[PDB]
Ligand SMILES: CCCCCCCCCO
Ligand SMILES: [K+]
Ligand SMILES: [K+]
Ligand SMILES: [K+]
Ligand SMILES: [K+]
Ligand SMILES: [K+]
Ligand SMILES: [K+]
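Chains as they are written, first to last, in the numbering used here: chain A, 1472 to 1574; chain B, 300 to 518; chain C, 300 to 518; chain D, 19 to 230.
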């Protein structure tokens, strides 16, 4: 296994950790704030996923400072992970095209 | 096994403070929240606050005056509620409940009856209630126990250590001169008494007393 | 062609069970849902449940007591509803309907009249209704059929196998001593009777009987 | 915060009849509603979670439905053990809130009270006190009157009464009447009478005992 496929795997594992920790911390941050909906773990996890994927339906979102800071970490982890996968795919294709051209 | 264990009662003087406990058992997760609910006699359920033992953070009902302070001990799996500067308005049953972080209260405690009063603790006197000599009997016979002169609430009256549940009802206590009094009724087949023993069990958690009283025919 | 075919009637004893059928034809897609709707006499439409034959999953109305169980057979393109432990409250017409997964019920079945009763099935007696000898006639003449003493509902009365629809109306049945009775009226030009035959057709699906009765002038 | 309205506060139903409790939320909360049962002197007990999801150990006659703002708890064929208070609770927005609660009552057949009178115990007399206890058990309706007579004379002093809530075993009511006297006051009389007037009989049910 080369570097790019290693970093991609690591980013995927790390993303899973961020989703789980993010769901836990979001509930912890949002409870205590009147009107907050991000307050139970199952839907918090669903919120984490759609935050990391950038979909953001808007059915759930943080209203507190720390809940929003947690969200930012989830967003960045998502953008970085999927960005790291795209870069890895590009490296794979560049290398294969390099061999195909006999260089 | 009982997942949530609370003390039966606490007596508090006007202005004093008390720390209620809630020892948890069964499965425990990092996503567990412990809640506290206040219920005044004749009234409904009122949410007080919550705490997450795995982190120690607590949140409180913003709609009411904060007289509670929630803490938890991970080593003994026990939640605590510190009620401070109590008045008669704080006299109620306080339940603790466990939520698996999914919104509902799966299990509740038995509740701690908190009485705020200047009066002194008094263990109950239990007297037997057997029919008089002239009383005729049908297929059933009615016996009883007189739990008189205790403070504060509550008392738990069982018959034959719980084995005799059917045909049993305990009346609400009446208050007079800072002392409570109630009676408990039990109805068994006439042929079964007194050949088969009948005994009421009166527990008064406020004074840590539990007494028995066998019901025998009048001499 | 009729897309959805249901049995005319089902008689069920109090406590017993019945499985209603719904044979579908025409275009069938994997996105098709079969629905069931309950309608009590004089009342509106009430949704019972749905099923997707291509997967077999069924959903039910959470607002009412679940007395139905939906199944489907892909080989025969037939949907089934198992109604169990029926009371008189379950007596109604049950329609099945087809939805193309786009929210509306494009086609409905004719409906299965379910009667929950202890009474026994009774085929109807059909008697002709011709004018008396003294009855004068205008440009039109009125004839009829007396469908008496049947159970349970319904009966389907047609005239001349359906070809004679205009000037025809059938009265609602009356119930007495666990037996139904109704009449059907038909009005044709005076000059057309009895030169051109007039016959009522009475079908009673509960007993699988269909009888004819030619209307002739009184001898 | 989310307000949960439970109306009516009291629901009277006949045995075996289907009953429905309503819960209305001040705003849309999807299906994040939960139902609890609290019998007399008992702790709350989860019946239904997330509007319609059944709970293990809960009788199948309990069901729930609704979404958005309108929710319903239903009981198919109400029996005596269902006599309790019913609360709804939301978990959609912080903080969690409870409804005001609905009490379930059962309208059963009329029942005459079983009256029993009890002389004061030997243990109590030695303490210097005397209490004459009278039980009026398992009657319906709850409307009832107790009358004390000492040596044929009506007594009103020292009489404390107590009524139970509707019984979760037979849907009846019960009351106790206690005539408390000192020993000296008790010695100076012979006959003690407890009279129960209920609508099941034009004549009052009477129980008595002589001190001798
Ligand atoms: C990254 C932020 C960790 C979660 C912080 C908890 C916030 C406490 C709410 O007052
Ligand atoms: K995007
Ligand atoms: K987006
Ligand atoms: K979006
Ligand atoms: K959006
Ligand atoms: K939106
Ligand atoms: K919106």
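C-beta: ideal position from N, C-alpha, C; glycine also.
| field | Touch test, the stretch 374-383 of chain B against the stretch 138-151 of chain D, Cβ-Cβ under 8 Å, three pairs minimum | value | no
| Given 8 Å as the limit, is there contact between the stretch 448-458 of chain B and the stretch 475-492 of chain B, that is, 3 or more CB pairs closer than that? | A contact exists between the stretch 448-458 of chain B and the stretch 475-492 of chain B.
| field | As assigned by DSSP and simplified to three states, the class of residue 512 (chain C) | value | Reading the third chain from its first residue, position 213 is the one you call residue 512 (chain C). Strand at residue 512 (chain C).
| said: Checking 8 Å against the spacing of the C-beta atoms, do residue 332 (chain B) and residue 393 (chain B) come in under that value? | reply: As a working mapping, residue 332 (chain B) is identified with position 33 in the second chain. As a working mapping, residue 393 (chain B) is identified with position 94 in the second chain. No; because the gap between Cβ atoms is not below 8 Å, this pair is not in contact.
| request: Starting from residue 472 (chain B), follow its DSSP beta bridges and name the residues at the other end. | output: Translated into the one-based positions of the second chain, residue 472 (chain B) becomes position 173. In the DSSP output, where bridge partners are listed per residue, residue 472 (chain B) has none listed.
| query | Can you tell me the Cα-Cα spacing of residue 194 (chain D) and residue 387 (chain C), whole angstroms? | reply | Your numbering for residue 194 (chain D) matches position 176 in the fourth chain. Your numbering for residue 387 (chain C) matches position 88 in the third chain. So the two alpha carbons sit approximately 44 Å from each other.
| query | Using the beta-carbon count (16 or more within 10 Å), is residue 511 (chain B) buried or exposed? | reply | Position 212 of the second chain, counting from 1, holds the residue named residue 511 (chain B). It counts as exposed.
| message | Taking a contact to mean a Cβ-Cβ separation below 8 Å, would you say residue 81 (chain D) touches residue 92 (chain D) in this structure? | response | On the fourth chain, position 63 is the one that residue 81 (chain D) refers to. On the fourth chain, position 74 is the one that residue 92 (chain D) refers to. Yes, they are a contact pair.
| task | Between the Cα of residue 400 (chain B) and those of A:1510, A:1505 and A:1476, spot the shortest distance and give me the residue it belongs to. | result | Within the second chain, residue 400 (chain B) is the residue found at index 101, counting from 1. When each option's Cα is compared against that of residue 400 (chain B), the closest is A:1510.
| Could you name the residues, in chain order, whose CB is less than 6 Å away from a heavy atom belonging to ligand 3? | Every residue whose Cβ sits closer than 6 Å to any heavy atom of ligand 3 is listed here in chain order: A:1525, A:1526 and A:1527.
| field | Run of the alpha helix (DSSP H) containing residue 1491 (chain A), from where it starts to where it stops | value | Here residue 1491 (chain A) refers to the residue found at position 20 of the first chain. Residues 1474-1501.
| said: For residue 1512 (chain A), report the span of its alpha helix (DSSP H) as first-last. | reply: Walking along the first chain from the start, residue 1512 (chain A) turns up at place 41. The continuous alpha helix (DSSP H) containing residue 1512 (chain A) extends over residues 1512-1523.
| request: Provide the residue span of the beta strand (DSSP E) that contains residue 318 (chain B), from first to last. | output: Here residue 318 (chain B) is taken as the residue at index 19 of the second chain, counted from 1. Start and end: 317-323.
| message | Rounded to whole angstroms, what is the Cα-Cα separation between residue 358 (chain C) and residue 355 (chain B)? | response | Translated into the one-based positions of the third chain, residue 358 (chain C) becomes position 59. Translated into the one-based positions of the second chain, residue 355 (chain B) becomes position 56. So the two alpha carbons sit approximately 43 Å from each other.
| task | Would you tell me roughly how many angstroms separate the C-alpha atoms of residue 437 (chain B) and residue 341 (chain B), rounded to the nearest one? | result | In the second chain, counting from the first residue as 1, residue 437 (chain B) sits at position 138. In the second chain, counting from the first residue as 1, residue 341 (chain B) sits at position 42. Computed Cα separation, rounded: 37 Å.
| message | Between residue 109 (chain D) and chain A, is any beta-carbon pair separated by less than 8 Å? | response | To locate residue 109 (chain D), count along the fourth chain from 1; it is residue 91. Closer than 8 Å: yes.
| request: Mind checking the stretch 67-85 of chain D against chain C and listing, in chain order, the residues whose C-beta falls within less than 7 Å of any C-beta there? | output: 70 and 83
| Which chain D residues sit within Cβ distance under 7 Å of residue 405 (chain B)? | Along the second chain, one-based indexing puts residue 405 (chain B) at 106. Correct list: 64.
| query | Between the stretch 111-143 of chain D and chain A, which residues of the former have CB atoms less than 8 Å from a CB of the latter, in chain order? | reply | 111, 112 and 113
| said: When you measure from the CB of residue 1547 (chain A) to every non-hydrogen atom of ligand 1, does any distance come out below 7 Å? | reply: Against the first chain, residue 1547 (chain A) aligns to sequence position 76. Distances between the C-beta of residue 1547 (chain A) and the heavy atoms of ligand 1 are all 7 Å or more.
| request: Decide if residue 59 (chain D) is buried, meaning its Cβ has at least 16 other Cβ atoms within 10 Å, or exposed. | output: Here residue 59 (chain D) refers to the residue found at position 41 of the fourth chain. Counting Cβ neighbours within 10 Å, residue 59 (chain D) comes out exposed, since fewer than 16 surround it.
| query | Hey, residue 343 (chain B) and residue 136 (chain D): beta-carbon distance below 8 Å or not? | reply | Against the second chain, residue 343 (chain B) aligns to sequence position 44. Against the fourth chain, residue 136 (chain D) aligns to sequence position 118. With a cutoff of 8 Å on beta-carbon distance, residue 343 (chain B) and residue 136 (chain D) are scored as not near each other.
| field | Within 8 Å, strictly: CB atoms of residue 308 (chain C) and residue 421 (chain C) | value | As a first step, residue 308 (chain C) must be located in the third chain, where it is residue number 9. As a first step, residue 421 (chain C) must be located in the third chain, where it is residue number 122. No, the Cβ-Cβ distance between residue 308 (chain C) and residue 421 (chain C) is not below 8 Å.
| said: According to DSSP, simplified to helix, strand and coil, what is residue 1575 (chain A)? | reply: There is simply no residue 1575 (chain A) to check, as chain A begins at 1472 and stops at 1574 in what is shown.
| request: Please confirm whether any heavy atom of ligand 1 lies closer than 7 Å to the CB of residue 1500 (chain A). | output: Within the first chain, the letter at position 29 stands for residue 1500 (chain A). Yes, Cβ of residue 1500 (chain A) sits closer than 7 Å to a heavy atom of ligand 1.
| field | Residue(s) in a DSSP beta bridge with residue 312 (chain C) | value | For this step, residue 312 (chain C) is matched to residue 13 along the third chain. Bridge partners of residue 312 (chain C): none, in fact.
| message | Along the chain, where does the beta strand (DSSP E) containing residue 197 (chain D) start, and where does it finish? | response | Start at 1 with the first residue of the fourth chain, and residue 197 (chain D) comes out as number 179. Element bounds for residue 197 (chain D): 191-200.
| message | DSSP has residue 42 (chain D) in a bridge; who is on the other side? | response | Translated into positions along the fourth chain, residue 42 (chain D) becomes position 24. Answer by DSSP bridge pairing, in chain order: D:23 and D:88.
| 7 Å Cβ shell around residue 337 (chain B) - same chain, five flanking residues per side excluded | Locating residue 337 (chain B) in the second chain gives position 38, where the first residue counts as 1. Excluding sequence neighbours, residue 337 (chain B) sits near 345, 347, 391 and 393.
| field | Which of helix, strand or coil DSSP assigns to residue 1564 (chain A) | value | As a position in the first chain, residue 1564 (chain A) is number 93, starting the count at 1. Of the three classes helix, strand and coil, the one that applies to residue 1564 (chain A) here is helix, per DSSP.
| query | Who are residue 123 (chain D)'s beta bridge partners in DSSP? | reply | The sequence position of residue 123 (chain D) within the fourth chain is 105, counting from 1. Looking at the DSSP assignment, residue 123 (chain D) forms a beta bridge with D:30.
| request: Give a yes or no on whether 8 Å exceeds the smallest Cβ distance from residue 349 (chain C) to chain D. | output: Within the third chain, residue 349 (chain C) is the residue found at index 50, counting from 1. No, residue 349 (chain C) does not count as interfacial toward chain D.
| task | Report all residues from its chain with a CB closer than 6 Å to the CB of residue 414 (chain B); omit the five preceding and five following residues, and keep chain order. | result | Residue 414 (chain B) sits at position 115 when you count from the first residue of the second chain. Answer for residue 414 (chain B): 310, 390 and 451, listed in chain order.
| said: Among the candidates B:471, B:500, B:432 and B:395, whose CA atom is the shortest distance from the CA of residue 229 (chain D)? | reply: As a position in the fourth chain, residue 229 (chain D) is number 211, starting the count at 1. The candidate whose alpha carbon is nearest that of residue 229 (chain D) is B:432.
| Under 9 Å Cβ-Cβ, which residues of chain A neighbour residue 19 (chain D)? | Start at 1 with the first residue of the fourth chain, and residue 19 (chain D) comes out as number 1. Ordered by position in chain A, the residues that pass the 9 Å Cβ test against residue 19 (chain D) are 1505 and 1506.
| Apart from the five residues just before and just after residue 118 (chain D), which ones in its own chain have a Cβ nearer than 6 Å to its Cβ? | Taking the first residue of the fourth chain as position 1, residue 118 (chain D) is located at position 100. Cβ neighbours of residue 118 (chain D) beyond the five flanking positions: 24.
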